[PDB]
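*Asks:* Just dropping this structure here.
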Number of protein chains: 2
Amino acid sequence: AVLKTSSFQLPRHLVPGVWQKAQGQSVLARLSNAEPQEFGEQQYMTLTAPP
Amino acid sequence: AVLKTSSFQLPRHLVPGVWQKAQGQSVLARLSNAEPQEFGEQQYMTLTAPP
């Protein structure tokens, strides 16, 4: 009898952007500077005991 | 009998203005900014899990 928008079945408006929870970043990259390295295992020299 | 003012049934004086207990306003209208919208349901996109 009466015309209602349920008869039209209109699609939703889509809103730009994405909503996200934030992620914790590296602590080691902040606390320790990167040294320049060549590909492969490194070796470092340490004193075990003084005289 | 002595003439008392009860005999005249005098009308009360009617004082200007109305007295009200206040009502709290919307908190959602203050804490969330309104976005512009067209009529009907809207759809928003969310990240459920990161890689």
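Ordering of the structure tokens sets the chain letters (A, B, ...); residue numbers start at 1 within each chain; ligands are numbered from 1 in the order shown.
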Could you give me chain A least-squares fitted onto chain B (all C-alpha atoms, paired in order), as a PDB file with C-alpha atoms, in the first residue's frame?
*Replies:*
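Written out: part_32.pdb:
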```pdb
ATOM      1  CA  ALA A   1     -18.998  42.887  63.009  1.00  0.00           C
ATOM      2  CA  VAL A   2     -15.365  43.951  62.067  1.00  0.00           C
ATOM      3  CA  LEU A   3     -14.380  43.931  58.343  1.00  0.00           C
ATOM      4  CA  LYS A   4     -11.622  41.346  57.616  1.00  0.00           C
ATOM      5  CA  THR A   5      -9.911  40.459  54.289  1.00  0.00           C
ATOM      6  CA  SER A   6     -11.239  36.853  54.578  1.00  0.00           C
ATOM      7  CA  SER A   7     -14.489  38.406  53.230  1.00  0.00           C
ATOM      8  CA  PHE A   8     -12.669  39.637  50.063  1.00  0.00           C
ATOM      9  CA  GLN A   9     -11.102  36.283  48.915  1.00  0.00           C
ATOM     10  CA  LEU A  10      -8.436  38.068  46.826  1.00  0.00           C
ATOM     11  CA  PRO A  11      -6.521  35.980  44.181  1.00  0.00           C
ATOM     12  CA  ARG A  12      -2.736  35.333  44.610  1.00  0.00           C
ATOM     13  CA  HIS A  13      -0.109  37.394  42.766  1.00  0.00           C
ATOM     14  CA  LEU A  14       1.450  35.272  39.996  1.00  0.00           C
ATOM     15  CA  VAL A  15       5.268  35.534  39.666  1.00  0.00           C
ATOM     16  CA  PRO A  16       7.020  35.321  36.232  1.00  0.00           C
ATOM     17  CA  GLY A  17       9.405  32.526  35.157  1.00  0.00           C
ATOM     18  CA  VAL A  18       9.417  28.742  35.730  1.00  0.00           C
ATOM     19  CA  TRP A  19      11.637  26.904  38.235  1.00  0.00           C
ATOM     20  CA  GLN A  20      13.231  23.648  36.997  1.00  0.00           C
ATOM     21  CA  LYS A  21      15.744  20.985  38.046  1.00  0.00           C
ATOM     22  CA  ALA A  22      18.668  20.884  35.546  1.00  0.00           C
ATOM     23  CA  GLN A  23      19.249  17.932  33.138  1.00  0.00           C
ATOM     24  CA  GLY A  24      22.471  16.149  32.163  1.00  0.00           C
ATOM     25  CA  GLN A  25      23.462  16.857  28.530  1.00  0.00           C
ATOM     26  CA  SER A  26      24.990  14.476  25.947  1.00  0.00           C
ATOM     27  CA  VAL A  27      28.526  13.247  26.748  1.00  0.00           C
ATOM     28  CA  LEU A  28      28.920  11.645  23.306  1.00  0.00           C
ATOM     29  CA  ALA A  29      28.285  14.977  21.499  1.00  0.00           C
ATOM     30  CA  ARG A  30      31.119  16.509  23.624  1.00  0.00           C
ATOM     31  CA  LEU A  31      33.639  13.623  23.495  1.00  0.00           C
ATOM     32  CA  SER A  32      33.073  12.613  19.820  1.00  0.00           C
ATOM     33  CA  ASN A  33      32.719  15.156  16.968  1.00  0.00           C
ATOM     34  CA  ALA A  34      29.795  14.607  14.568  1.00  0.00           C
ATOM     35  CA  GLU A  35      30.915  13.486  11.096  1.00  0.00           C
ATOM     36  CA  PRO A  36      28.797  14.682   8.124  1.00  0.00           C
ATOM     37  CA  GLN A  37      26.607  11.724   6.999  1.00  0.00           C
ATOM     38  CA  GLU A  38      24.193  10.933   4.153  1.00  0.00           C
ATOM     39  CA  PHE A  39      20.940   9.153   5.097  1.00  0.00           C
ATOM     40  CA  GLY A  40      21.425   5.346   5.400  1.00  0.00           C
ATOM     41  CA  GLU A  41      23.860   2.866   6.997  1.00  0.00           C
ATOM     42  CA  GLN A  42      27.602   3.685   6.799  1.00  0.00           C
ATOM     43  CA  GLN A  43      30.442   1.156   6.259  1.00  0.00           C
ATOM     44  CA  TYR A  44      33.981   1.585   7.682  1.00  0.00           C
ATOM     45  CA  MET A  45      37.118  -0.454   6.811  1.00  0.00           C
ATOM     46  CA  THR A  46      39.299  -1.990   9.579  1.00  0.00           C
ATOM     47  CA  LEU A  47      42.589  -3.951   9.648  1.00  0.00           C
ATOM     48  CA  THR A  48      42.052  -7.333  11.391  1.00  0.00           C
ATOM     49  CA  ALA A  49      45.735  -8.469  11.417  1.00  0.00           C
ATOM     50  CA  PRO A  50      49.106  -7.080  10.155  1.00  0.00           C
ATOM     51  CA  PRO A  51      51.690  -9.205   8.239  1.00  0.00           C
TER      52      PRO A  51
END
```
*Asks:* Going by DSSP on the backbone, which residues of chain B come out as helix (DSSP H, G or I)? List them as a PyMOL selection string.
*Replies:* chain B and resi 5-8+28-31
*Asks:* Include C-alpha atoms and write out the residues we just selected as a tab-separated table (two decimals), in the first residue's frame.
*Replies:*
```tsv
chain	number	residue	atom	x	y	z
B	5	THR	CA	-9.70	40.06	54.48
B	6	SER	CA	-10.75	36.36	54.25
B	7	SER	CA	-14.18	37.81	53.27
B	8	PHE	CA	-12.84	39.17	49.93
B	28	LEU	CA	28.86	11.95	23.05
B	29	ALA	CA	28.27	15.27	21.24
B	30	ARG	CA	31.31	16.77	23.09
B	31	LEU	CA	33.73	13.81	23.17
```
*Asks:* Determine which residues of chain A receive a DSSP assignment of strand (DSSP E or B), computed from the backbone, and state them as a ChimeraX atom specification.
*Replies:* /A:13-19
